[PDB]
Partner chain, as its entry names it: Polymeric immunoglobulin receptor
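Take a look at this single chain, the form deposited without its partner chain, given in structure tokens.
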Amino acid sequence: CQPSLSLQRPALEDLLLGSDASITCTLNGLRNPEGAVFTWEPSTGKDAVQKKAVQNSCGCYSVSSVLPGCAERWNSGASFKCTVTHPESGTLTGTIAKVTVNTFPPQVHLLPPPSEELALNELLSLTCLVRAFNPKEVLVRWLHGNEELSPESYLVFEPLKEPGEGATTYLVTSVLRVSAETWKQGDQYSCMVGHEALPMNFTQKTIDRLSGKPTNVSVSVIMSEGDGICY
């Protein structure tokens, strides 16, 4: 349990959906509570707030300070450095930034309910599989019609590194439990995903009992001439 420094990155929720992202400079492994000094190099925006010392499972202390009002700098790929003086002995520094430069925009796929779970007219599982995102953190929400569903109704599974060779990618899954009654009525359900290396902010996909698997599809091919113009 020796003194050590680390920087806790801003949450994706604040960067994409919220209004004020912040960075936290944290020392841990400290025997002497309080008395530590936390100085940010980019002393702009709003003053950092020093938080109270808290004991961990070993009785050592965690002491940190948070710098708010930093979303505008991160949206440009900027950087932050923290220099700290231990409450006991030494000078320690570190840096972070919001720039990885080897990202893969997400691919959001939706899997409709299994036949085994919809033939009974009970409850359905809509599975959202978001694939490929190099900075591992995802914002997953679900929509029922045009309204957001409460987060207590989602099971969102943490990101895991994908196996194999090549560029690193990760999967995230979430399951929404849906009443077969509203699926029968035709209510639309959609998965909403956030990830910074992606344009126009967020991404979404929607499914219902029309997009799902059909039965006895009718296909009509028409040969055309004219000018080859579709009207």
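C-alpha atoms forming the largest set that superposes within 1.5 Å between two forms make up the rigid core. Numbering follows the first chain given and starts at 1.
Missing here is the form deposited with its partner chain bound; even so, the following discussion is about that form.
- Only one of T95, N121, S89, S76 comes within 4.5 Å of its partner chain in the entry with it bound through a heavy atom, and that residue is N121.
- Look at 181-189, 32-40, 45-53, 62-70: in the entry with it bound, residues with non-hydrogen atoms within 4.5 angstroms of its partner chain sit in 181-189.
- Put simply, after the core is superposed between the shown form and the other one, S89 is the one residue in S115, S89, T95, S76 with a Cα shift of at least 2 angstroms.
- Relative to the superposed core, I23 undergoes a C-alpha shift smaller than 2 Å between the shown form and the other one.
- Between this form and the other one, the CA-CA gap for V219 and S115 narrows by 3 Å or more, being smaller in the entry with it bound.
- Cα-Cα spacing of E116 to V219 is reduced in the entry with it bound versus the present form (difference of at least 3 Å).
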